[PDB]
Structures are given as structure tokens and as C-alpha cells.
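Student: next input, structure requested:
(2 chains)
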Amino acid sequence: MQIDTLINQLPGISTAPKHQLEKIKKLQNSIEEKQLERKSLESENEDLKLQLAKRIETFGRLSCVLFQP
Amino acid sequence: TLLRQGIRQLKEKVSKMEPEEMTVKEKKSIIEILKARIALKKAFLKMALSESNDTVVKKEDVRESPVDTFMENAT
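Tutor: Numbering: from 1, shown residues only, chains lettered A, B, ... in the order given. Structure data below:
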């Protein structure tokens, strides 16, 4: 009976690999577009934020100035 | 404290050169016992000393200086 119960939910109930692979094609139509796009944000951020962090270091200079009145 | 008013108040408690003095002044000596233990009220030091405490004050007067400066850096 348990066997039948796992028969009940065979993955890919559509059972159409000819078209489920097409599903994967559309999924790549999403993912392959998203690939470098999502990672481009990394450099797009650091191009500002690294220097902004050094700005944090400059107000680190001034924090050091505040350290010793 | 109590001693402070007690100086100005023991001031004129004295009554002429006559033996009117000690008749009150022995009880005044009892008051002197009392104030002798008022000295015990101030038996230990809090903050250090003038002007070393005042040096702490002027130390704050230097310590106040950054406080009046960093706000200028608000923008």
C-alpha cells in the first residue's frame, strides 16, 4: 500500500521529458540571464563602497583626532 | 557644616570676664565634645584636594574642549 502511495506522487507527473526539458530551457532562459547580472552588482557595489570604506577610514582619521584632544 | 554656624554662634556665647563664663562654658565644653565628634563626621576624604580637585576641574576644562569642537564636524 505504501508502494502505491509513492506511486501516487511520481515526480514529473506531467511525464513529458520532451517538454520538461523545455521547462528546463525556459528555466535557463531565466537563470542564464540572471547569472552575470546578479554578480555584476558585486563590482557595481565595490566600485563605490570600497572607497566609501576608506572614507570610513578617513573619519577614522578624525576619530583618532577625537581620541587625543 | 554645623561647625560653620557653630563658630559664629559660639562667638558671643561668652559673657564678660565674670565667673558667669564657666557656668555656661563647661556645658560649652560638652558642646566641644559634641563638635569633637562632629570632626568624626568628616573623618575621611572624598575627592582628592584643592587644587588637585581643581586640577581635575581644569582637566574637565580641557576635557570640555573636544566637546565644543566635534559638533563643528556635524557636516
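
Student: against residue A:53, how distant is the closest residue to residue A:66 other than its chain neighbours?
Tutor: Leaving out its chain neighbours, the residue that sits closest to residue A:66 by Cβ to Cβ, 6 or more residues apart in numbering or on different chains is residue B:70, at 5.8 Å. The way it works is simple: take the backbone N, C-alpha and C, and place the C-beta from them, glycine included. Applying Cβ to Cβ, to the nearest Å, the value for residue B:70 to residue A:53 is 22 Å.

Student: equivalent analysis for residue A:26, please.
Tutor: Taking Cβ to Cβ as the measure, residue A:26 falls 40 Å from residue A:53.

Student: likewise residue A:9?
Tutor: In terms of Cβ to Cβ, residue A:9 sits 51 Å off from residue A:53.

Student: neighbour count winner among the two?
Tutor: residue A:53 (11 against 7; other Cβ atoms under 10 Å in any protein chain shown).

Student: any idea which helix or strand carries that one?
Tutor: helix A:17-67 (DSSP states H and E).

Student: that helix packs against which elements?
Tutor: Using 3 or more Cβ pairs under 8 Å, 6 or more residues apart in numbering or on different chains; DSSP states H and E, no helix or strand is in contact with helix A:17-67.

Student: neighbours of residue B:8, just the number please.
Tutor: 8.

Student: ok, residues contacting the helix or strand that it is a member of?
Tutor: Element membership of residue B:8, judged by DSSP H and E, is helix B:2-11. The contact list for helix B:2-11 (Cβ atoms under 8 Å, 6 or more residues apart in numbering or on different chains) reads B:28, B:31, B:35, B:38.

Student: what's the next secondary structure element after it?
Tutor: Note on helix B:2-11: by DSSP H and E, the next helix or strand toward the C-terminus is helix B:20-38.
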